[PDB]
Every structure is written in structure tokens, then in C-alpha cells.
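Accompanying notes for the structure given below.
Here the Cβ is made from the backbone with ideal geometry for all residues, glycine too, and neighbour counts use every protein chain on show. Readers should treat all values here as calculations from the given coordinates under stated rules, not as data from a laboratory.
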Amino acid sequence: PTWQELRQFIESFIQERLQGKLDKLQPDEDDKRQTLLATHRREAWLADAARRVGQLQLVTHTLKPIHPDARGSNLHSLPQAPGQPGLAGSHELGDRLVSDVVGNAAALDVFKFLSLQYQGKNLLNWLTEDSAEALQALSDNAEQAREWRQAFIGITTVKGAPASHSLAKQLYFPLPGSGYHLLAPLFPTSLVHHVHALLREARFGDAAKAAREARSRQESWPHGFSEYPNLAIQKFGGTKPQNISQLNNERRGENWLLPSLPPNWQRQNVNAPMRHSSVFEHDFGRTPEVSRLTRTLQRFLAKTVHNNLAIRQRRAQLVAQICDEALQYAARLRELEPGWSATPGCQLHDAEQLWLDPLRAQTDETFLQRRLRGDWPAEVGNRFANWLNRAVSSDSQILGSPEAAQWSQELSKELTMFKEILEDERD
Amino acid sequence: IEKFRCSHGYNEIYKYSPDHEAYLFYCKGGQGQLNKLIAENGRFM
Amino acid sequence: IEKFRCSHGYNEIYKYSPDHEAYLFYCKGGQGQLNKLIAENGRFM
Amino acid sequence: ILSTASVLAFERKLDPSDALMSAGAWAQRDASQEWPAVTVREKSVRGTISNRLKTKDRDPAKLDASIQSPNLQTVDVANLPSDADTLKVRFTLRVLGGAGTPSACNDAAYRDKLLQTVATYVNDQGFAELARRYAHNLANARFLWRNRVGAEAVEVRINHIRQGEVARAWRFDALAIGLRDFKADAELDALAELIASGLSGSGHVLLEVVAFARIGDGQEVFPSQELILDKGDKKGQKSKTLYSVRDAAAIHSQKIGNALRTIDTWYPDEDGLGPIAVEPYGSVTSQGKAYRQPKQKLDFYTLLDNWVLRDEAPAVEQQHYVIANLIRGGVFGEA
Amino acid sequence: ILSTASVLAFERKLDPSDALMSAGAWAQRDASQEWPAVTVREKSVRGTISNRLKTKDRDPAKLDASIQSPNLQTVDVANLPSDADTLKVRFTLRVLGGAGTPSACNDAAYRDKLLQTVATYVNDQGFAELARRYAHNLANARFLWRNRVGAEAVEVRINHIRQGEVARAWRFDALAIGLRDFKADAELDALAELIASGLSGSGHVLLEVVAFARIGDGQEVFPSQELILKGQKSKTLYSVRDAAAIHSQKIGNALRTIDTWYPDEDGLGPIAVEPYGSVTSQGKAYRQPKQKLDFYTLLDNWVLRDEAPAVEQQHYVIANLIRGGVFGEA
Amino acid sequence: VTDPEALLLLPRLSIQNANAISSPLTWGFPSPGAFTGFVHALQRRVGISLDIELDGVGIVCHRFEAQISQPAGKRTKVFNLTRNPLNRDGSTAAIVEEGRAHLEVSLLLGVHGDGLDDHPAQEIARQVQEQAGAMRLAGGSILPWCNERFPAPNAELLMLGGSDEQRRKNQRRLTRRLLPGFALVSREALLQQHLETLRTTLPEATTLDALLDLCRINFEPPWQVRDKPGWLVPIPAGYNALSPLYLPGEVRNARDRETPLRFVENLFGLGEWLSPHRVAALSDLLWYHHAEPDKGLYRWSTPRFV
């Protein structure tokens, strides 16, 4: 908290910069050391840095990720908290703000000068608060300290009238009464940097790597780890990513987008049973998703009652899901291909009559349509329950206990719903 | 009751199956593949 | 034996692979990407 | 003073779709709705060095050491089946309409001046020179980009689609209609009036364009090629990836759109090329050279400023080009 | 000053297809439209060690220990059936034409100079020497690469295909026509005039080349081989749809094997026309740029400074323009 | 907001190059704001003529295909780009990565107004279909189904039923029609209670971290993956204010000078892809507009869901 320690610290930083330039200078003649010691050593360094502030800006939301020929305005603004619960973004950063810098790449010395934690806090944070040790170390008289303080504060203030380019995005919003708000969004570099840091410690962090190795050793680690599949990488600067932002050099481009995909984002094609072995193998016709899902049905054998309430809820929604994708598979076959009535034979397990709904009525007028509308073939629920009965283990204690009774009553409810949706196919 | 049985001269790994009371052919390999399978799956069922 | 080979008219960088005795396609780019890859990985294997 | 609007944006009229390519035999083209799709598959190519050497790789020891190590890829290739000699390329095209109205304009005075200029053009000479050239680029199968240069016979079928069914069907011999002469024909002019009524009206006019080409049994067809940066790191990957929508090779919609916009015969450089695509500072990607430079007064922006702001109406060819840019779309505006 | 254009891209003239190989019996080659395909199937192999030891491995105990553990692989192999002795290789070939015109060019002055150069070539002499050699490489079944080297009889049937049907059919004894002499014939000159009228742009030429190699019952045929990144799968063969095949660029390299003008001896024979004309099997680059006889110095002397080479060297230059590629600098 | 008087179903709509970049943190399916803005553009273009108020949208997405490519040796994905034209000198322009995706969605848009009684239901259904044929949904053109087997027509289901049984019957008829898809709904209460349980686990936890925990497949020691209820995804749930609301003719280079502008920033909520017959009420599952402009908080959700 003494100005002398701050003064010798900033002079140490200046002379460190000077010895760095003379070390990476490789000079033997031309007397550039004289100009380097006249400009990059004295208190003139503070003067040209206070000149070089106005090219830089501390920001949290910049424009340059949107099309980089966009000379608009960038904002260091932290939004207020939503009163509505649930949703959130970039207002969660209270002390973990990283404060991206835009501007010229030549004048980064102002930012690495101002970013120092000399006493216990930031130099901009000590210079914004009017105090005793501030406004005195970078001075000999008061008025140059005044103009250098008003120089060094303005890196967090916007420059010019507020503006967003034609290349920037501007999107109307319908207000409840009438009229619109024009809503130009900006790229949150601080929020993206925080999620990028979180994903980096989640994938390449050593605490995650250790649990990833302990999973392979099959031993018990104290904590766990995550994987984050289906990330997409989006780069902003093409071959010069430094021209976008400061934090775009830590992550060299690399937006690291999270997947928001519908579950049918892997296109699964259709396959109807033709032969006898095809009728054997394609009656159930089961995708990898239902095997992944019934693997979790097999992992619900043990139960303690206070946990078994939530476990039975999970089994209820799980058997609802297996009914959902069974009806989904039947619907996509029944609308996609005419392959259920492609070629005849003797073996197609023809008692189903759900995978060939337009294959029996849109072609045969009274032959199969009146043989299906009056019969109403919906009997697939009990055969599906016989197939689903394999999912629990065939343990004598599992059948002797009441867990088999709870299993059968929830299975009966869900096959009842499958019955109720399967019956109404003639409307 | 051991989960894997290496048939040593013939370079075959037999894994125990519980349905029938016997071992069935799992893969080829010797002591190294046996020890690696023991490390992955755990022995003694 | 050079680690990278730029195919100059076609803007492709081929990196040498040692398993098969040949070059395989590494990335696109010209002389600048070739020199940058030489600076990163070092040439001559 | 009527300055230029700071946000100008025109939506893309003449919106095509992805041109799906499928394959079958010629002289059963009328039953070509169940033709199997041309699929994109992999094959390994291995080449010697054929590039120019940089004068430090011309040591014959270095050359003989270099050609003992070939360079291996795995390219995507799309071929016709070995018993199918015809490529059927089938896309749809929406001619939207409201061709002069911008999707974004700042100055309402500039917007009304631009609408008055466009309506002055349309009432003066409608979309009849532009839609004739768009009907030509639909008629000759220029959208068959490299699938056209060695074909024995190219036939293009264009069907106007009303609410659920065909309203009017065309059929052209795409090799007789040249790639450089915008001549006159009865069916071409009927298609031109249809695209004119599309571009002038409020609702969209939808066309289904099908093009057949006799290439040969098993010959190579050329779907669109994908621009992927970051091909991969430290492994072996693909050097050439072909576009395919659903296990079925395809041309990108923007490549079909670049073929349809190839109407610009009025650029001041000589027509050794012929027609080029309508672009501001009209820049052919294959040529690498941008014609209609702003050094001359003949790009899109300066012609639009002289036409709208100071009422210096250009020649009828250049305002054909300006309205062709307005049909093309674009995002314009200064800081 | 007329420097070289910064882009030049010539399209590939002489487009072949994937050469599908199927199999049946000789003397019913005339009913060979329903011959079953040669299917690529797998088999296991055991190798002993056979490479050179690097003098650290020449311990006898280490050699016996490496021999007791052999390497197992699973190779893809294509054979004829045990009742079939004739391999039918079938592909189609499109001779396009417009050989001198590049598909891309920055410099219009260079484009006009190059077009004038190729035009005075074609006017001084047509595509007649080149199509004679291309018709030879169709006629002697060079595109049968290793399937030709031990065959009893090879016979090639080249059908010129007009609208839907065979306009003109040729039939050759591919072993009487050598792999190294470009002699004259009536039918070879007829096929050469067809390929010449194709390359000149004065007609649409699409050939259907079918070649029958009489190998022997159940013998091994050699389709093209792919790249792979105990069951090591050391060999993968090319097959389009459960039917073995040669790559189209391998047929193209065998068709381009016309260069007998390289400055080394003619005891080797024709090689493929390439810039810095190189055979990767012999590991040696003929037409090195130390001599003034590669493609690039010949083209840059013929086009820029009007130094027309010898007549056989400009045959080589125009054969490279027919081959395709990107010429021009960065 | 207000409940729909009817429930129009736009059929399976093909969108060829939609914006696969939903947000700065999410890629994949486009933002629901695209669909709500599309429905408001439909209202702006025909709803003022048919005297109806098209409001709310149900997203079904029969099929989806992002134009992506997984590079060799990486677990992540990249985007297939387009080749933009050159500049005036012939140099390649700086590539700006845009995601493109091929969608096949169907929109359950709610309609209410006095125009239902003036015109037949099939008439206004055909009117909004012929209008939506010349529009775009997320930056991607709407492919209009020409010369296939049969065009998928509309059905404006009247939400007022003569019974509960008739209501459930034609609702089941509609749900059978939009059945091969996967309905997208806003689940923010589950995100909030997951925030509460995670804050009970370790305090000062953000719901950014709760969102990230609900996305990732995290592993637990005894190894077992954490189960997730349904297909939980992150969605951009609207915008939050960064700036005071500027005057119309005050901000430089706006879209227009008759609309107030405000610089904003995305708000990442949570969504859940579920099969459409789970909800048992298709009057729900519609995405509406909630502004509250004095605070900021321009957002979209599916109210009246649970």
C-alpha cells in the first residue's frame, strides 16, 4: 500500500520489457539501444501507453465472431439476473470473469501492464477507486496523474455512439402489446471462455484423466468424470485468429459447441422381414437404442424401498420410453416403405398387422381392409410383454419377492397404454 | 469358480458360462491375454 | 527423408508415414502451411 | 441528400434445391422415378509427384528419393453403375417474387427511391431479358457442371408444379441450346414468361428441373465437393469428400444457383469466357480474376448508386445486370 | 513478358471406368454377358520372417524366437472359379477432346498463347501419333496389369458405342501386339482414327473395352488394391459391389503408357506420360529437370519463348495435356 | 398467453440449409426462436388478411441431418462450409463458419380469431401453406414437395371439441399424423430443481453448471453412468439485456429507424426431446413469446406444458 513499492514494481515491469526487446532484438549496430532506452525505459513509456489505451478495450461481448468486417460497438456489460427461474447465461460470472480484450495486437503492453495483481488486487481496480497510494506512483505532479488515470480507466468504456454493423445480426422481437425491439445480440466471449475452460478441465484435466484411468483399472476413485460427446468445433479467425479477440488466442478459434440434437439425428433405414429367418430376426427388429435402454432395465434388480420409490418411477418412465420407440419403429416402417407387402411367402408373422397398415387397406379394398378393421389386430402388446419379460432377470428370489408384482403391474399399465394407442388405427 | 481358463498348449481362452455348467470358447491367446482379461473383467465370476 | 511434402498446384500437404513407405494426405494448404508445419514438427522425420 | 442506406439486404430469389443424382438407362427416362441413386464410395489413389518443383528439389538424387515414396489418399468417387449409361439430376426451383423489395433497408427515403427505380425498370422493361437467360441456364443443363462436357445427349425436362400436380411440362435438347448464345425459341420464351410472372408476382412459382445425360456405362459423375477445413490431425484422412444428402450423391444448391446466375454477358472485358455469374465486382472463382472492377464505373455498387441516388440511369445491359444482382441477393452497406 | 499463368488446370481426357472383372470359360466368350463376377474373399496366411536382419537381430536365439512366433494375417484374395479359366475385364472409355484448352486460366495472354501453340501442333500434325499409341494400349491388354503376365491367350474386344448400340466392333489378339512396339495394322489404324477424331473434338467417342485373359482354372486374378489404416487384414482388394475391379486410374495409367521418347535407352520400353516421367516400380525418374526434357521445361520453352521442341517431345507434351493436372505456380 | 381456439398442422416441411449454429454454446437443431419468429412472420403476412392470430408453434422434426463431418482421429465434429466468392482482387475471402442442416419438421401452430368462422378451415389451411411455401425457417429454404407420390395436406383441428372423447379422438388422429418425429418442449423447472439439488450437493453452483451437468454423460464410481430422464438438450431460451433500450433513430446502422434497439445476449435454458404422444394434450407443447421489455428478458418457452 506504499507508492514506492508500486513505483519500483512498475519500473521493474518496464525494464523487464526493455531487456526482453533487447534480447529478442539481435542487434549489433545501428544504435537502436539508444532509442530503446529513451522510449522503452523511462516515464515516457507510461505516456505512450496512456496514448495506446484508446485502441484497446476490455469487453465481455464482442462483435468480431460475427463476420469480421464488422466495425460495430462492443460491450463490457454484465446483465442482471432473470427473475424467471431456470435459464441462465453470463450473469453467473461474479468473480470468474475473464474480461476479453479487443483492439490492436500492437498495444497489448497496456493490458499486460494494467492486469497486474501488485498489492492484492487489480491495478485498474486500484486506479478506479480514489485512494492515497493510487494517483501517486505513476506521477511526480498531480495533473499528469489525473490525465493518466482518466486514460487508464477508459479501457472499460465504450467508444463512439452505439452501433452494430450491417454484417452484425439484428433480430426483431414481438412485444406483448404491439411493436418490436430490434435486439442485436453479441458473442459472449467471457461466457464462452468459461465454458471452454470447464470443458477443458472436464476432458483434458488431470482430475478427470485419473478417474478415466481408474475406470479402466476398474477400481474405485473418489470422484467421477464426464465425456461430452458430439461437440462441434467452430473457428472464428480463419488463419489469423488473433485479429478477433484476446481470448481467441487461448482458444485458437475453437468455439466448442455443445450438441443440441433431436434423437433421430442418426438416420436409421428401414428393413422389412421377407423370408422365414427374416421373419424370425425382424419381428422384434431392435435398434441399438433399445438395447442400451434394456441394459438399464437389467441394472434395476436390487432395490431399497426409499430408493425403490424413485427406482419404480424411473422404471415407469423407462417402460414408457420402450413403448414410445416401439410405436416409433412401427410408425416409421408403416409410413416409410411398402416393404411389408413387398413379396409374399408363408412366414412374415402376419398376426401383427400394424407394420403393414397402408399395405393392406390402400391396395386390397375389401380383402384385407375389412379383415383388419373389424378384427382390429392390436394383439402385439402381449407378445411385446413376453419379449419385455426377458429384461428382468429370471431369479427365483426376484419372482418370490413383491418386486415382480410391482414390475407386472407397471408393465400391465404401459401395455394397456400401448393397447389404447394401437387400437385406434382405423381412424 | 474361475471366470476364465487358458488352455495353455493350444492358445485358447475359455470363459465360464453359467447356463450350462461348462466353459465355452472365448478367444485365442495365452497367459498375457488371460491376465489382461482377468484385469478387465475380474476373475472368480 | 522429408517429413512433409507439399503438392504445389493442388494445395495439399502430404505427411510421410513410416508403416507403409509412402506419404499420406495430412491437410490442405500451400507453402505457408508447409513452412508452419515444418516449424512445429521439424522436417527430416 | 438521399445517402445510401447503411443496411441493405436482398433475399435470394431463384432459390434452387440440392440436385439429387440417380442413374439408369437411356430410352427409359420416362420411367425414371425408381432409378437407383448414384452413391458416393471410397477408393484409394496413389500418385507420383507431378507438381512443379521449387528449384531446390530438382537434384536428381532428391527426385529419385522422392518418387520412391508415392503419396496415398482415399478419395470419394461417384460412378454410374456398370449397366447404366444415364445420369438423372433432379432438383426443384422456387422463383419467389417481389424481386426489388429489400429484406432490410435503413433509410425509408432510399427505400422508396429504390422501389420507384425498380418499378420504373419493370414497367419499362420487365423481367423478360433476365428470365430468358435464366430459362436458358435451366434449358441447357449448365447446372450439370462437369457431367455435361462429354455427354452424348443431354435432355432437360422442366415441369411447372401447381398445387399438387404438373401444370405445364417442357422438354429441351440441352446440347443444341448452346452455353454462350441466348437465342429465341417458343418453349424457351414460354418458360421465360413463367419465370417473369414468378419474379413479378407476390407468390412463388415452383419448377421441377430434371436433366438426363448419356455419359456411358460405369463412367464417373461429379457431384459437389465439400469444403471442410480441419481435415484432421496426425492421421490419414480424406483429401476429397463428395456431397451426398441421404446416401445419394448430390450437387449443392449454391452450385446450381451459380449455374443459374451465369447470365452476365455485359461485363466490359471481352467475352472470351462468355457469360459469367452475376456478382458485385463480378469475380469468377475458377478464373481467379474479378471483372467489373470498381476502377471502372461498372460494378454493382457504383451502378446502383448512380441509378438510385443521382438518377444516372445506366445502359439497359448494365441495369439488367443490376436487377440481376437484386434477384441474386446480397448483404450491402457501409459503416 | 508472358510469364506462366498462376492457375492452369487441364481436365482429364481419356476417362476410363472401373474395370469390372468377371469369370467364365473360354470359347464361350461370345455369350459372356451373364458371366458371374469374380468375388473378393478372405483367407488366412502365415509368414515366417523373410526381411533382412539389421545385424542386431542376427543373434541365432533371437532369430529362432522370432521364427517360433509367426505373423498371422487375413488377406483379401480374388480367384477364378475352379471351373472357369478366363477372366473378363470390362470397362468403358470416353475420349473427350478439346485437349489444349485448360479448364482454368488466370492469364488470358498465356491462355491465348497456349491455345495458339496447341492449335499449330494439331494443324501441323493431328492427334494421330498419340491415338495410335492409345489404341495400342487398348489393343494389347496392358490394362490387365498382372493378370496378363502369364496368360495363355489374351483377346480384347473394343466396341465403339453410338446412341444405344455398337457402331463398330474391333477384335484383337493382345499377345501378338507386343507391349513395346507401336507397329501398324488396318484395325489398329481404324481404332486410332476413331480415338483421333475423339481427341480432336470432331465426334463423341465412347468405347466399351472387354478383355479376356485365358489364365487357368481357379488361378489368382489381381484386382486393384486399397490402403489400410493376428487378424491384421494386411491386404484389401477393390470391389465395386461384391465384384472385383481395377481402379479407373490404373486403367488410365496403363492407357497413358505411350512415352518411348525419354532420353534414356529404349530397352525398357514405353512408360506412362508424366511430368518428370517416373516409374515408381523402377524408382527412377526419367526426364529429370537436370536435362531439359521434363514436361515443365518443355512446356515453358514451347509456350513462353517459342522454342518448339523435337516432334516426339511435343508428342509427349500434348500427351501430358491429355493426361490432365494443375500446372502453373503458387 | 391465451389458449388456441384451433390447432393448425403444417405438414412435414423440408428445410434444406437451416442454421445448425443455434447459439454460441449450442449447435444442432436451430433455436426455437426461429420457429416462433417464423410463425410471427406468417401472422404478419397472412394473419392480418385472414383475421386470425397465428400464435405458438409445436416443433416435431421428423428427420434431421447436420452437414457435419467428423475429422480423422478426433471425437469432435466440424462443419461443411460453402465457398463464398472472391474479393475484388481475386483473393480468397476470410471464411466465416456457418452451420447448415437439412431438417424435416412439422409445425403445430395455434390459431385463434374471428377468421375461423368467416372462412372454411381447409381454405385458411391452404392459404397459410401456400404462404409458407415461399418462406424460410432458420435461414433455410422451405422445399415445397413437388412431383413426389402425394403432397402432404393440412388439417386444421378445431380445439373446441363436442366432448372430451371427440377432443381426445381427433387429437389422437393428429398425433398419429405427426408421429415419426420428436416434439421439442422447454423444461426449465427441471433445470431449476436440478440447480437446487446440485446446490445442496456443493454450494454456490450456477445453473450454467447444472445445465452442463445435465448435458454431459458423467460417470460414477461404484462404474455406472448417470441416468438421464429423457433426451435433455441445451437450447437458447431467448435474450437478456446488455444495454438500455435505445431510441429508434438513435443507434447507428440499425435495421430500421422506427424500431427501438437494445444490445442483447443469449440465455441458455434446457429442452427435452420427447415423443409427441406423451403429453396427452397438444394444446400444450407450443412455443410462445414472453418479452417483459422493461427488464430485458426477451425469451421463449412452452408455457402450460406441465
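Tabulated values for the structure
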{"quantity": "Calculated over the range F:182-302: convex hull of Cα atoms, volume per residue (Å³)", "calculated": "157 Å³"}
{"quantity": "Exposure proxy ranking, count of Cβ atoms within 10 Å, fewest first, for A:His223, C:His8, D:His160", "calculated": "A:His223, D:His160, C:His8"}
{"quantity": "Nearby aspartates and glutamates by direct alpha-carbon distance to A:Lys303 (threshold 12 angstrom, same-chain neighbours under 8 apart not counted)", "calculated": "A:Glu403"}
{"quantity": "For F:94-102, mean number of other protein chain Cβ atoms within 10 Å", "calculated": "5"}
{"quantity": "The range F:210-306, dipole about Cα centre (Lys/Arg Cβ +1, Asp/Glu Cβ -1), debye to the nearest 20", "calculated": "100 debye"}
{"quantity": "Tilt relative to chain A, helix A:403-422 - C-alpha long axis, 0 to 90 degrees, to 10", "calculated": "80 degrees"}
{"quantity": "Burial order of peptide ranges D:194-201, D:228-235 (average beta-carbon count within 10 Å, highest first)", "calculated": "D:194-201, D:228-235"}
{"quantity": "Mean-position separation - Cα centroids, the range D:63-102 and the range F:112-144, in angstrom", "calculated": "37 Å"}
{"quantity": "Rg over Rh [alpha-carbon atoms, Kirkwood Rh] for the range A:4-263", "calculated": "1.04"}
{"quantity": "Computed over the range A:264-427, the ratio Rg/Rh where both radii use C-alpha atoms and Rh is Kirkwood", "calculated": "1.02"}
{"quantity": "Relative packing of F:120-133, A:322-335, F:20-33, A:110-123, which averages over residues the other C-beta atoms within 10 Å, highest first", "calculated": "F:20-33, A:322-335, F:120-133, A:110-123"}
{"quantity": "Relative packing of F:110-116, D:163-169, which averages over residues the other C-beta atoms within 10 Å, highest first", "calculated": "F:110-116, D:163-169"}
{"quantity": "The range D:166-282 - Rg and Dmax from Cα coordinates, angstrom", "calculated": "18.7, 59"}
{"quantity": "With Cα atoms, 0 to 90° folded angle of helix D:108-124 axis to chain D main axis", "calculated": "80 degrees"}
{"quantity": "Partner chain coverage, peptide D:55-64 - average Cβ within 10 angstrom", "calculated": "4"}
{"quantity": "Cβ-derived FRET efficiency at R0 41 Å, F:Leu245 paired with A:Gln242, nearest 0.05", "calculated": "0.75"}
{"quantity": "Peptide D:209-220, shielding by other chains (average Cβ, 10 Å cutoff)", "calculated": "5"}
{"quantity": "In degrees, nearest ten, helix A:288-298 long axis to first principal axis of chain A (Cα)", "calculated": "80 degrees"}
{"quantity": "Order of A:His61, A:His196, E:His315 - criterion: other Cβ atoms within 10 Å of each residue's Cβ, fewest first", "calculated": "A:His196, E:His315, A:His61"}
{"quantity": "Rounded, prolate or oblate (a/c below 1.5 giving rounded, otherwise prolate when a/b exceeds b/c) for chain E by Cα gyration tensor", "calculated": "oblate"}
{"quantity": "For the range E:283-330 and the range D:245-309, distance of Cα centres in Å", "calculated": "34 Å"}
{"quantity": "Long-range amide H partners of B:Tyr14 with built H, under 5 Å", "calculated": "B:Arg5, B:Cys6, B:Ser7, B:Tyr26"}
{"quantity": "Cα gyration tensor, the protein assembly as shown - rounded (a/c under 1.5), prolate or oblate", "calculated": "rounded"}
{"quantity": "Cut-off 20 Å, label 7 Å out along Cα→Cβ of F:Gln193, residues of the range A:71-98 by amide N", "calculated": "A:84-88"}
{"quantity": "Packing-based exposure ordering (other Cβ within 10 Å, fewest first) of A:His276, F:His194", "calculated": "A:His276, F:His194"}
